[PDB]
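Examining the three-dimensional arrangement
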Amino acid sequence: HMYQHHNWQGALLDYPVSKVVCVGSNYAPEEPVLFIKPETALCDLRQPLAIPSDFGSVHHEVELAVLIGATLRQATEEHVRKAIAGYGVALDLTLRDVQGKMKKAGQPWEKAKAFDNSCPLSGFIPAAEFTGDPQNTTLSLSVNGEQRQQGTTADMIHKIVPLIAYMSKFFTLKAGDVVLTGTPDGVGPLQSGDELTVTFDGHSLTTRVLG
Amino acid sequence: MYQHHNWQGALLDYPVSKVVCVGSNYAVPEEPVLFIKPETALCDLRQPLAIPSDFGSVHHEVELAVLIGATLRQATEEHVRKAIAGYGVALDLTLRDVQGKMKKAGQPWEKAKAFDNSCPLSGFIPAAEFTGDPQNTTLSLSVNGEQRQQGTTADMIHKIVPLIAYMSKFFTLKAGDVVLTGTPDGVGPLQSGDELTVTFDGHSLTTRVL
Ligand SMILES: [Mg+2]
Ligand SMILES: [Mg+2]
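For this deposited structure, the header cites X-ray crystallography as the method used and 2.70 Å as the resolution.

Chain B has the name Protein YCGM in the PDB entry, where Escherichia coli is given as its organism. Recorded in UniProt under Catalytic activity, the annotation for chain B is "oxaloacetate = enol-oxaloacetate". Here chain B is described in UniProt, under the heading Cofactor, as follows: "a divalent metal cation".

As annotated in the PDB entry, chain A carries the name Protein YCGM and comes from Escherichia coli. In the Cofactor part of its UniProt record, chain A is described as follows: "a divalent metal cation". Here is the UniProt Sequence similarities comment for chain A, exactly as written: "Belongs to the FAH family."

What follows is the structure, given as structure tokens:
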């Protein structure tokens, strides 16, 4: 239980940890593709990153993370709005090789998208403390000095409150849950020893991969 | 909401978090197919079951639930044995129509297996008080008096200990986490009003669909 919710400063928030609901592709329609990362996959983005080594390449997906503050079931956008508790950044770490086998087989994705620590996550910035428009926020990821992902929240197909509203249709989001909103173009592979710095609207963190 | 309890109904000192399950597992075998149901899918099977009515067919899958009592990670089969804390029955509720779609489109299964209350669960029988063989236990599910599923965990391909050993290779299992083995054949629909009675070797339980 290493991971726990906290603001940017590092102080703990009064929200449990539980699940992370994620969107398939959401950057440039057909209903949003949905999958879920378990509590086990959550981890501090500020500490070294632990990646599997015997399952094939591991890709990085920088994404905007929305922290739910109250329960949403078959919710309306007004409810979503009032409920989101903050924003931060995450890496929708995924085992591409494994996923390909899964897709071709029409099989669950948990092996490729839900393995341990497959969701490093930054601290959160309180909803009414977030300077700027979440729907128009900058997302970037650089690996060893080279920027590999750059985009803005405005390029999302399904916006933030609509997507969350849609998600609640299949799974009730309780407070403490996190929502990954998709990744921009530029998804790449991660390797032991790489140093990577993630960034979203004026905020940055730099960590490294172990092996 | 749901909380872990023993058959009698008393509360167990284990948290609730996830449910790692096998896809198909009854009859050099391809390895176990693995998906997971979130805490919000867990519900009390002694109570009337709630199913979605705007997403197509809703099927039942009777299964043997194994309650993990300690952290398992890249664990051996000995860690597994000394780690399971009990057994119970569960209904691996699934949206066949949605699952069929998901399969043909190579997309995740969450929508068809992780929806709310998609996992009715019975109380657990402490591993010590379990008089019988987990690996050779009966499972039956009756809907409105007619026999739907009638099997034995002996036909379970990936045995309970190896499977869980396997599962811990991808996601560590924590105390309170539950894993569903698999279901014999006989899987069918459940509509509102059905009277459902599920059985797991020597223990019976009945309930219905709202
Ligand atoms: Mg993604
Ligand atoms: Mg199953």
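What follows continues from the structure just given.
What about the coordination of the magnesium ion (ligand 2)?
Residue and element names in this part refer to chain B. The protein atoms that coordinate the magnesium ion (ligand 2) are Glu-61 (OE), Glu-63 (OE) and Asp-92 (OD), at distances of 2.4 to 2.6 Å. For the magnesium ion (ligand 2), the single-chain donor residues occur in sequence as E-x1-E-x28-D. With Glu-63 in strand β5 (residues 62–68) and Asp-92 in the loop between β6 (84–91) and α2 (96–104), this pair connects stretches of sequence that are 29 residues apart. By the burial criterion, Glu-63 is buried, and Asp-92 matches it.

Regarding the pattern of salt bridges
Considering all chains together, one arrives at 17 salt bridges over all chains under this definition. Of the charged contacts, one joins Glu-39 of chain B and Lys-174 of chain A as a salt bridge, the two residues approaching to 3.8 Å between their closest N and O atoms. Here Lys-174 of chain A lies in the loop between α4 (160–167) and β11 (178–180) and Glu-39 of chain B lies in the loop between β2 (34–38) and β3 (42–44), a pairing that spans two chains. Under the relative-accessibility criterion, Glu-39 of chain B is labelled partly exposed at 22%. When the shortest N-O distance is used, the salt bridge between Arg-96 of chain B and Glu-61 of chain B registers 2.6 Å. Placement of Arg-96 of chain B in helix α2 and of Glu-61 of chain B in the loop between β4 (59–60) and β5 is noted, with a sequence separation of 35 residues between them. Among the residues examined, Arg-96 of chain B registers a relative accessible area of 23% and is labelled partly exposed.

Remarks on the UniProt feature "binding site: Mg(2+)" in chain A
All names here are of chain A. Residues given the UniProt feature "binding site: Mg(2+)" here are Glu-61, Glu-63 and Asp-92. Despite a sequence span of 32 residues, these residues sit close together in the fold, their greatest C-alpha distance being 7.0 Å. Locating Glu-61 in the fold gives a position in the loop between β4 (58–60) and β5 (62–68). What makes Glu-61 buried here is its relative accessible area of 6%. Every residue in contact with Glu-61, bar those within four places of it in the chain, is listed here: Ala-90, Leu-91, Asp-92, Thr-94, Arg-96, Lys-113, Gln-149, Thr-183 and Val-187. Along the chain, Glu-63 turns up in strand β5. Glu-63 sits in the buried class, given a relative accessible area of 0%. Residues within four places of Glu-63 in sequence aside, it is in contact with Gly-88, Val-89, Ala-90, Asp-92, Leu-139, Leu-180, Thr-181, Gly-182 and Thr-183.

The rules behind these values
- Residues numbered from 1 in each chain as written, not as in the entry; some residues may be left out.
- Chains lettered and ligands numbered in written order.
- Heavy atoms only, no water.
- UniProt positions renumbered as here; feature names shortened; annotations may be inferred.
- Donors = N, O, S within 2.8 Å, 3.2 Å for Na, K, Ca; no water.
- Helix = DSSP H or I, 4+ residues; strand = E, 2+ residues; numbered from the N terminus.
- Buried < 20%, exposed > 50% of the residue type's maximum accessible area, 1.4 Å probe, protein only.
- Salt bridge = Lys/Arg side-chain N within 4 Å of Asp/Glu carboxyl O.
- Contact = heavy atoms within 4.5 Å.

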